[PDB]
Amino acid sequence: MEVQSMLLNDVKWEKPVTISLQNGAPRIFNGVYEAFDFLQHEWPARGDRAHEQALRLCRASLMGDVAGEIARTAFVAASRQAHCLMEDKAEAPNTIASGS
């Protein structure tokens, strides 16, 4: 069966996961494997155990024991320690008063 995940990406994410890079740009990951690798390459403010928890859960995601939003929420908690939190956006921010 052709899985919705990848072979190069053992565990694919939900997709809409955006990391706001201070010296870069909002980087949207498609797979947890990318994020796990990213965590080792150029993660701005590492931190402590919370940083390790991020890698830890990504490792567990490779086994298929962690779901997308589950790891996602915890990844935000790790990003919280790094203070690299994604600034929340609003979809369709330009509306009109005359509607219904």
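J.: Please clarify how the overall build of the chain should be interpreted in this entry.
T.: For the chain, the helix and strand inventory stands at 3 helices and 2 strands. When its helices and strands are written in sequence order, the chain yields β-β-α-α-α. In terms of principal-axis extent, the alpha carbons of the chain reach across some 50 × 40 × 20 Å. Counting only residues that meet the buried cut, the chain has 29% of its 100 residues in that class. Residue pairs at least 24 apart in sequence account for 42% of intrachain contacts in the chain once pairs closer than 6 positions are excluded. Here the chain has roughly 7900 Å² of accessible surface; of this, 50% comes from carbon and sulfur atoms. Distance between charge centroids for the chain: 4 Å, based on 10 positive and 13 negative side chains.

J.: Where do I start with the packing of helix α1 (residues 32–41) against helix α2 (residues 49–63) in this structure?
T.: Helix packing geometry: the angle between the two helix axes and the distance between the axes. In the contact formed by α1 and α2, the axes pass within 9 Å of each other and the chain directions differ by 150°. Put simply, α1 runs roughly antiparallel to α2. By crossing handedness, the relation of α1 to α2 is classed as left-handed. The segment α1 lies against α2, with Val 32, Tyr 33, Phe 36, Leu 39 and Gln 40 engaging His 51, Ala 54, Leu 55, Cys 58, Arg 59, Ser 61 and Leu 62. For the contact of α1 with α2, the residue count by class is 8 nonpolar, 3 polar and 1 charged.

J.: How should I be thinking about the packing of aromatic side chains in this particular structure?
T.: The geometry of an aromatic ring pair comes down to the distance between the two centres and the angle between the two planes. Summed over all chains, the structure comprises 4 aromatic pairs. With a centroid separation of 5.8 Å and an interplanar angle of 75°, the aromatic rings of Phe 38 and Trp 43 are classed as edge-to-face. The class of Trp 43 is buried, set by a relative accessible area of 6%. Ring geometry for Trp 43 versus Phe 75: centroids 5.8 Å apart, planes at 85°, classification edge-to-face. With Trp 43 in the loop between α1 and α2 and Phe 75 in helix α3 (residues 68–82), the pair connects residues that are 32 residues apart, well separated along the chain. The residues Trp 43 and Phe 75 share a single accessibility class, namely buried. By the ring-pair criterion, three or more aromatic residues cluster together here, those being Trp 13, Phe 29, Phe 38, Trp 43 and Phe 75.

J.: How should I be thinking about the side chain of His 51 in this particular structure?
T.: Relative to the helices and strands, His 51 resides in helix α2. When neighbours within four sequence positions are excluded, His 51 is seen to be in contact with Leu 39, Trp 43, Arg 46 and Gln 81.

J.: What exactly am I supposed to notice about the pairing of strand β1 (residues 12–20) here?
T.: Regular strands place their side chains on alternate faces of the sheet. Taken together, the 5 bridges between β1 and strand β2 (residues 26–31) define a ladder with antiparallel strand orientation. Residue pairing across strands places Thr 18 opposite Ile 28, the latter belonging to β2. Linking two consecutive strands that pair antiparallel, namely β1 and β2, is a turn of 5 residues.

The rules behind these values
Residues numbered from 1 in each chain as written, not as in the entry; some residues may be left out. Heavy atoms only, no water. Helix = DSSP H or I, 4+ residues; strand = E, 2+ residues; numbered from the N terminus. Buried < 20%, exposed > 50% of the residue type's maximum accessible area, 1.4 Å probe, protein only. Contact = heavy atoms within 4.5 Å. Areas by Shrake-Rupley, 256 points an atom, 1.4 Å probe, with all protein chains shown as cover. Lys, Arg positive; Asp, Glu negative; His and termini not counted. Charge placed at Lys NZ, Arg CZ, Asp CG, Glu CD. Axes fitted to C-alpha atoms, helices over the stretch in contact; angles between N-to-C directions. Parallel < 35°, antiparallel > 145°, perpendicular 65-115°, else oblique. Left-handed = near helix turned anticlockwise from the far one by under 90°. Nonpolar A, V, L, I, M, F, W, Y, C, P; charged D, E, K, R; others polar. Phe/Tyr/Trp six-rings, centres within 6.5 Å; stacked < 30°, edge-to-face > 60°. Pairing = 2+ DSSP bridges.

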